[PDB]
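Structure data follow from run.pdb (PDB, C-alpha atoms (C1' of nucleotides)):
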MODEL        1
ATOM      1  CA  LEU R  94     107.130 102.253  61.938  1.00  0.00           C
ATOM      2  CA  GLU R  95     107.329 100.278  58.693  1.00  0.00           C
ATOM      3  CA  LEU R  96     107.015  96.544  59.352  1.00  0.00           C
ATOM      4  CA  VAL R  97     107.122  93.344  57.296  1.00  0.00           C
ATOM      5  CA  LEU R  98     104.332  90.898  58.145  1.00  0.00           C
ATOM      6  CA  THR R  99     105.278  87.223  58.305  1.00  0.00           C
ATOM      7  CA  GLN R 100     101.569  86.371  58.119  1.00  0.00           C
ATOM      8  CA  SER R 101      98.284  87.921  56.982  1.00  0.00           C
ATOM      9  CA  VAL R 102      96.291  89.302  59.919  1.00  0.00           C
ATOM     10  CA  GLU R 103      93.079  91.356  59.674  1.00  0.00           C
ATOM     11  CA  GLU R 104      93.339  94.131  57.093  1.00  0.00           C
ATOM     12  CA  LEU R 105      96.830  95.468  56.420  1.00  0.00           C
ATOM     13  CA  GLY R 106      98.133  93.968  53.192  1.00  0.00           C
ATOM     14  CA  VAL R 107      99.257  90.696  51.630  1.00  0.00           C
ATOM     15  CA  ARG R 108     101.630  88.475  53.608  1.00  0.00           C
ATOM     16  CA  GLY R 109     105.289  89.469  53.372  1.00  0.00           C
ATOM     17  CA  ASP R 110     104.368  93.016  52.369  1.00  0.00           C
ATOM     18  CA  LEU R 111     105.831  96.108  54.036  1.00  0.00           C
ATOM     19  CA  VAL R 112     103.204  98.273  55.742  1.00  0.00           C
ATOM     20  CA  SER R 113     103.303 101.044  58.345  1.00  0.00           C
ATOM     21  CA  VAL R 114     101.225 100.265  61.434  1.00  0.00           C
ATOM     22  CA  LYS R 115     100.743 101.968  64.803  1.00  0.00           C
ATOM     23  CA  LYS R 116     103.562 102.013  67.358  1.00  0.00           C
ATOM     24  CA  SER R 117     101.642 100.245  70.135  1.00  0.00           C
ATOM     25  CA  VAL R 118      99.959  97.627  67.945  1.00  0.00           C
ATOM     26  CA  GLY R 119     103.232  97.076  66.106  1.00  0.00           C
ATOM     27  CA  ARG R 120     105.671  96.812  69.005  1.00  0.00           C
ATOM     28  CA  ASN R 121     103.443  95.106  71.583  1.00  0.00           C
ATOM     29  CA  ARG R 122     102.021  92.453  69.247  1.00  0.00           C
ATOM     30  CA  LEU R 123     103.710  91.917  65.875  1.00  0.00           C
ATOM     31  CA  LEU R 124     107.372  91.928  66.942  1.00  0.00           C
ATOM     32  CA  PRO R 125     107.353  89.876  70.169  1.00  0.00           C
ATOM     33  CA  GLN R 126     104.989  87.219  68.793  1.00  0.00           C
ATOM     34  CA  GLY R 127     106.993  86.951  65.580  1.00  0.00           C
ATOM     35  CA  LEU R 128     103.989  88.126  63.584  1.00  0.00           C
ATOM     36  CA  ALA R 129     106.191  90.667  61.813  1.00  0.00           C
ATOM     37  CA  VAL R 130     109.691  92.156  61.584  1.00  0.00           C
ATOM     38  CA  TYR R 131     111.232  95.632  61.326  1.00  0.00           C
ATOM     39  CA  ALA R 132     112.211  97.122  57.971  1.00  0.00           C
ATOM     40  CA  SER R 133     115.695  96.132  56.828  1.00  0.00           C
ATOM     41  CA  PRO R 134     116.596  96.628  53.123  1.00  0.00           C
ATOM     42  CA  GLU R 135     118.567  93.375  53.437  1.00  0.00           C
ATOM     43  CA  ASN R 136     115.493  91.251  54.174  1.00  0.00           C
ATOM     44  CA  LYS R 137     113.424  93.685  52.116  1.00  0.00           C
ATOM     45  CA  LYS R 138     115.282  92.116  49.218  1.00  0.00           C
ATOM     46  CA  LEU R 139     113.851  88.883  50.621  1.00  0.00           C
ATOM     47  CA  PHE R 140     110.468  90.618  50.552  1.00  0.00           C
ATOM     48  CA  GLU R 141     110.813  91.457  46.846  1.00  0.00           C
ATOM     49  CA  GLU R 142     112.141  87.936  46.227  1.00  0.00           C
ATOM     50  CA  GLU R 143     109.454  85.875  47.970  1.00  0.00           C
ATOM     51  CA  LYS R 144     106.877  88.239  46.463  1.00  0.00           C
ATOM     52  CA  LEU R 145     108.352  87.759  42.985  1.00  0.00           C
ATOM     53  CA  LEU R 146     108.306  83.971  43.366  1.00  0.00           C
ATOM     54  CA  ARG R 147     104.806  84.137  44.843  1.00  0.00           C
ATOM     55  CA  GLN R 148     102.790  85.248  41.811  1.00  0.00           C
ATOM     56  CA  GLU R 149     105.242  83.274  39.663  1.00  0.00           C
ATOM     57  CA  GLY R 150     104.597  79.707  40.795  1.00  0.00           C
TER      58      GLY R 150
ATOM     59  CA  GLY I  82     122.019 111.872  79.052  1.00  0.00           C
ATOM     60  CA  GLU I  83     118.887 111.189  81.087  1.00  0.00           C
ATOM     61  CA  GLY I  84     119.620 109.822  84.558  1.00  0.00           C
ATOM     62  CA  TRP I  85     120.221 112.519  87.177  1.00  0.00           C
ATOM     63  CA  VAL I  86     119.731 115.768  85.255  1.00  0.00           C
ATOM     64  CA  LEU I  87     119.581 118.761  87.588  1.00  0.00           C
ATOM     65  CA  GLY I  88     118.562 122.068  86.022  1.00  0.00           C
ATOM     66  CA  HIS I  89     117.137 125.397  87.153  1.00  0.00           C
ATOM     67  CA  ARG I  90     113.525 126.568  87.372  1.00  0.00           C
ATOM     68  CA  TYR I  91     111.996 130.006  86.811  1.00  0.00           C
ATOM     69  CA  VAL I  92     108.486 131.445  87.119  1.00  0.00           C
ATOM     70  CA  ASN I  93     107.584 133.316  83.927  1.00  0.00           C
ATOM     71  CA  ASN I  94     110.580 131.830  82.085  1.00  0.00           C
ATOM     72  CA  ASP I  95     112.008 135.336  81.981  1.00  0.00           C
ATOM     73  CA  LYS I  96     113.920 136.035  85.160  1.00  0.00           C
ATOM     74  CA  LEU I  97     114.273 139.274  87.009  1.00  0.00           C
ATOM     75  CA  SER I  98     112.982 137.032  89.787  1.00  0.00           C
ATOM     76  CA  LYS I  99     114.225 134.138  91.927  1.00  0.00           C
ATOM     77  CA  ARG I 100     115.867 131.101  90.324  1.00  0.00           C
ATOM     78  CA  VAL I 101     115.333 127.754  92.044  1.00  0.00           C
ATOM     79  CA  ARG I 102     117.248 124.600  91.101  1.00  0.00           C
ATOM     80  CA  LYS I 103     115.017 121.705  90.032  1.00  0.00           C
ATOM     81  CA  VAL I 104     115.702 117.973  89.730  1.00  0.00           C
ATOM     82  CA  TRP I 105     114.843 115.837  86.698  1.00  0.00           C
ATOM     83  CA  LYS I 106     114.870 112.040  86.496  1.00  0.00           C
ATOM     84  CA  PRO I 107     114.040 109.818  83.483  1.00  0.00           C
ATOM     85  CA  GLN I 108     110.992 107.552  83.199  1.00  0.00           C
ATOM     86  CA  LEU I 109     111.447 103.860  84.000  1.00  0.00           C
ATOM     87  CA  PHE I 110     109.403 101.003  82.543  1.00  0.00           C
ATOM     88  CA  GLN I 111     109.918  97.322  81.724  1.00  0.00           C
ATOM     89  CA  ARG I 112     110.839  96.240  78.193  1.00  0.00           C
ATOM     90  CA  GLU I 113     111.032  92.529  77.384  1.00  0.00           C
ATOM     91  CA  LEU I 114     113.102  91.495  74.366  1.00  0.00           C
ATOM     92  CA  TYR I 115     114.561  88.231  73.051  1.00  0.00           C
ATOM     93  CA  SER I 116     118.190  87.595  72.106  1.00  0.00           C
ATOM     94  CA  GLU I 117     118.635  84.739  69.631  1.00  0.00           C
ATOM     95  CA  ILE I 118     122.437  84.893  69.760  1.00  0.00           C
ATOM     96  CA  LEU I 119     122.582  84.311  73.514  1.00  0.00           C
ATOM     97  CA  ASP I 120     119.350  82.297  73.296  1.00  0.00           C
ATOM     98  CA  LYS I 121     118.001  84.291  76.236  1.00  0.00           C
ATOM     99  CA  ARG I 122     114.994  86.503  76.954  1.00  0.00           C
ATOM    100  CA  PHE I 123     116.206  89.845  78.300  1.00  0.00           C
ATOM    101  CA  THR I 124     114.546  92.484  80.480  1.00  0.00           C
ATOM    102  CA  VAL I 125     115.606  96.112  80.053  1.00  0.00           C
ATOM    103  CA  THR I 126     114.562  98.913  82.407  1.00  0.00           C
ATOM    104  CA  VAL I 127     116.480 101.388  80.246  1.00  0.00           C
ATOM    105  CA  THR I 128     115.347 104.523  78.400  1.00  0.00           C
ATOM    106  CA  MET I 129     111.994 104.345  76.601  1.00  0.00           C
ATOM    107  CA  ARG I 130     112.844 106.698  73.718  1.00  0.00           C
ATOM    108  CA  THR I 131     116.125 104.845  73.111  1.00  0.00           C
ATOM    109  CA  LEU I 132     114.114 101.716  72.281  1.00  0.00           C
ATOM    110  CA  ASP I 133     112.514 103.677  69.438  1.00  0.00           C
ATOM    111  CA  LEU I 134     116.020 104.110  68.033  1.00  0.00           C
ATOM    112  CA  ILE I 135     116.841 100.439  68.603  1.00  0.00           C
ATOM    113  CA  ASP I 136     113.767  99.531  66.553  1.00  0.00           C
ATOM    114  CA  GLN I 137     115.260 101.615  63.741  1.00  0.00           C
ATOM    115  CA  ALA I 138     118.682 100.066  64.341  1.00  0.00           C
ATOM    116  CA  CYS I 139     117.464  96.627  63.271  1.00  0.00           C
TER     117      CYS I 139
ATOM    118  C1'   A A   1     109.637 121.604  97.489  1.00  0.00           C
ATOM    119  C1'   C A   2     105.325 118.124 100.205  1.00  0.00           C
ATOM    120  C1'   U A   3      99.434 116.403 100.746  1.00  0.00           C
ATOM    121  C1'   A A   4      94.891 116.194  97.105  1.00  0.00           C
ATOM    122  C1'   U A   5      92.652 117.673  91.548  1.00  0.00           C
ATOM    123  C1'   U A   6      91.907 119.402  85.473  1.00  0.00           C
ATOM    124  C1'   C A   7      94.111 118.155  80.719  1.00  0.00           C
ATOM    125  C1'   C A   8      97.547 116.023  77.259  1.00  0.00           C
ATOM    126  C1'   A A   9     100.960 112.136  76.930  1.00  0.00           C
ATOM    127  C1'   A A  10     102.903 106.568  78.381  1.00  0.00           C
ATOM    128  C1'   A A  11     100.140 101.680  78.613  1.00  0.00           C
ATOM    129  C1'   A A  12      94.900  98.987  76.682  1.00  0.00           C
ATOM    130  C1'   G A  13      90.190  98.475  73.608  1.00  0.00           C
ATOM    131  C1'   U A  14      86.515 100.286  69.825  1.00  0.00           C
ATOM    132  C1'   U A  15      83.987 101.219  64.965  1.00  0.00           C
ATOM    133  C1'   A A  16      83.747 103.324  59.617  1.00  0.00           C
ATOM    134  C1'   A A  17      85.886 103.864  54.655  1.00  0.00           C
ATOM    135  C1'   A A  18      87.353 109.583  63.248  1.00  0.00           C
ATOM    136  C1'   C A  19      86.585 107.937  69.359  1.00  0.00           C
ATOM    137  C1'   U A  20      86.293 105.796  74.193  1.00  0.00           C
ATOM    138  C1'   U A  21      89.103 103.164  79.389  1.00  0.00           C
ATOM    139  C1'   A A  22      93.013 103.515  83.890  1.00  0.00           C
ATOM    140  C1'   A A  23      95.198  98.417  88.471  1.00  0.00           C
ATOM    141  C1'   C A  24     100.982  99.423  89.889  1.00  0.00           C
ATOM    142  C1'   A A  25     105.165 103.027  88.710  1.00  0.00           C
ATOM    143  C1'   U A  26     106.733 107.435  86.140  1.00  0.00           C
ATOM    144  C1'   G A  27     106.026 112.938  83.166  1.00  0.00           C
ATOM    145  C1'   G A  28     104.648 118.097  81.018  1.00  0.00           C
ATOM    146  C1'   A A  29     101.878 122.540  82.370  1.00  0.00           C
ATOM    147  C1'   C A  30      97.658 123.661  85.908  1.00  0.00           C
ATOM    148  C1'   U A  31      94.074 124.679  90.329  1.00  0.00           C
ATOM    149  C1'   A A  32      93.701 124.781  96.147  1.00  0.00           C
ATOM    150  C1'   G A  33      95.279 123.992 101.116  1.00  0.00           C
ATOM    151  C1'   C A  34     100.504 123.990 103.267  1.00  0.00           C
ATOM    152  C1'   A A  35     105.640 125.966 103.116  1.00  0.00           C
ATOM    153  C1'   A A  36     110.201 129.381 101.089  1.00  0.00           C
ATOM    154  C1'   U A  37     112.952 134.282 100.850  1.00  0.00           C
ATOM    155  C1'   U A  38     113.137 139.722 102.515  1.00  0.00           C
ATOM    156  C1'   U A  39     111.221 144.728 103.111  1.00  0.00           C
ATOM    157  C1'   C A  40     109.253 147.594 107.042  1.00  0.00           C
ATOM    158  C1'   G A  41     110.961 156.340 104.462  1.00  0.00           C
ATOM    159  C1'   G A  42     112.569 161.060 105.900  1.00  0.00           C
ATOM    160  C1'   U A  43     111.670 165.891 108.144  1.00  0.00           C
ATOM    161  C1'   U A  44     110.562 166.164 113.717  1.00  0.00           C
ATOM    162  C1'   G A  45     112.553 171.539 120.034  1.00  0.00           C
ATOM    163  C1'   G A  46     113.125 162.923 121.975  1.00  0.00           C
ATOM    164  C1'   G A  47     110.136 159.308 119.627  1.00  0.00           C
ATOM    165  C1'   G A  48     105.239 157.882 118.378  1.00  0.00           C
ATOM    166  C1'   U A  49     100.539 160.098 116.850  1.00  0.00           C
ATOM    167  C1'   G A  50      99.175 164.231 113.772  1.00  0.00           C
ATOM    168  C1'   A A  51     101.099 167.126 109.860  1.00  0.00           C
ATOM    169  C1'   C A  52     104.517 167.810 105.910  1.00  0.00           C
ATOM    170  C1'   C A  53     107.710 166.096 101.313  1.00  0.00           C
TER     171        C A  53
ENDMDL
END
Output the file's structure in the form of structure tokens.
Amino acid sequence: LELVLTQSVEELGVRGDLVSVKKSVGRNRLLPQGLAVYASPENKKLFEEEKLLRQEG
Amino acid sequence: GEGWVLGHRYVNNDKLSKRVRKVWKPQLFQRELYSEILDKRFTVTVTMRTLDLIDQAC
RNA sequence: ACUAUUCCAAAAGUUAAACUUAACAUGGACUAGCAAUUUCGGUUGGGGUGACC
């Protein structure tokens, strides 16, 4: 499923970005360890926000 | 709609022949989650596929 | 249905810019040994055999 990485790990994308990973790798690693989150438009607004203020400052 | 589902079984899946009732039970595995509201780690033995919906329910 | 297998899934790893592993429990078809339901004609100098339909 589509997940939002809290940190940059290996090769997926920039931190905070929304990328679609595998089900096993995603659910058994990213979510329980807090490495990433599911995709909610609510906090996807937070994605766009943090990302906007990233390249800004 | 999973636990204890008892159907019927056929040979060629077209029956002029005998029909024999067959039992079907869901798969059971351990799923560990974390509830921040209750501040408690929870263990669910419930339906696998349902968890895929829960992941989309967040 | 039970006792043992062949594959794909669940669960784990590997490289490049598509591939390999099964400790416990649980599935879909599938191959063997075990088991589950019934059938078991007529004519006929009795019946069976033989013959016949």
Quick check on the file I pasted: which residues fall under the PyMOL selection byres ((chain I) within 8 of (chain A))? Write them as a list in words. residues 108, 109 and 110 of chain I
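The residues caught by the PyMOL selection byres ((chain R) within 12 of (chain I)) in this file are residues 94, 95, 96, 116, 117, 119, 120, 121, 124, 125, 126, 127, 130, 131, 132, 133, 134, 135 and 136 of chain R.
Minimum distance to residue 36 (chain A) across I:87, I:134, I:101, I:125 (counting only C-alpha atoms (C1' of nucleotides)) occurs at I:101.
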Nearby residues (all atoms listed in the file) at most 8 Å from residue 106 (chain I), same-chain spacing under 3 positions excluded, as a ChimeraX atom specification: /I:83-86
Using only C-alpha atoms, please write the residues we just selected to a file, as a tab-separated table (two decimals), in the frame of the given file.
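Output (again.tsv):
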chain	number	residue	atom	x	y	z
I	83	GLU	CA	118.89	111.19	81.09
I	84	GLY	CA	119.62	109.82	84.56
I	85	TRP	CA	120.22	112.52	87.18
I	86	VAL	CA	119.73	115.77	85.26
Which distance in Å separates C1' of residue 33 (chain A) and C1' of residue 4 (chain A), to one decimal? 8.8 Å
Could you tell me which residues of chain A sit within 12 Å of chain R when counting all atoms listed in the file, and give me the result as JSON, numbers by chain? {"A": [10, 11, 12, 13]}
Once you add 5 Å to each side, what are the centre and edge lengths of the axis-aligned box holding all listed atoms of region 114-127 of chain R? One decimal in Å, as AutoDock Vina command-line options, if you can.
--center_x 103.7 --center_y 94.5 --center_z 66.5 --size_x 17.4 --size_y 25.1 --size_z 20.1
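You will find CA of residue 143 (chain R) at 12.2 Å from CA of residue 97 (chain R).
Put simply, the PyMOL selection byres ((chain A and resi 52) around 9) on this file hits residues 43, 51 and 53 of chain A.
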So that I have them on file, write out the residues from the current selection with C-alpha atoms (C1' of nucleotides), as a PDB file, in the coordinates of the input.
ATOM      1  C1'   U A  43     111.670 165.891 108.144  1.00  0.00           C
ATOM      2  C1'   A A  51     101.099 167.126 109.860  1.00  0.00           C
ATOM      3  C1'   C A  53     107.710 166.096 101.313  1.00  0.00           C
TER       4        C A  53
END
Hey, what's within 10 Å of residue 89 (chain I) if we count only C-alpha atoms (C1' of nucleotides) and toss same-chain stuff fewer than 3 positions away? As number ranges by chain, please? I: 100-105
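Separating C1' of residue 16 (chain A) from CA of residue 122 (chain R) is a distance of 23.3 Å.
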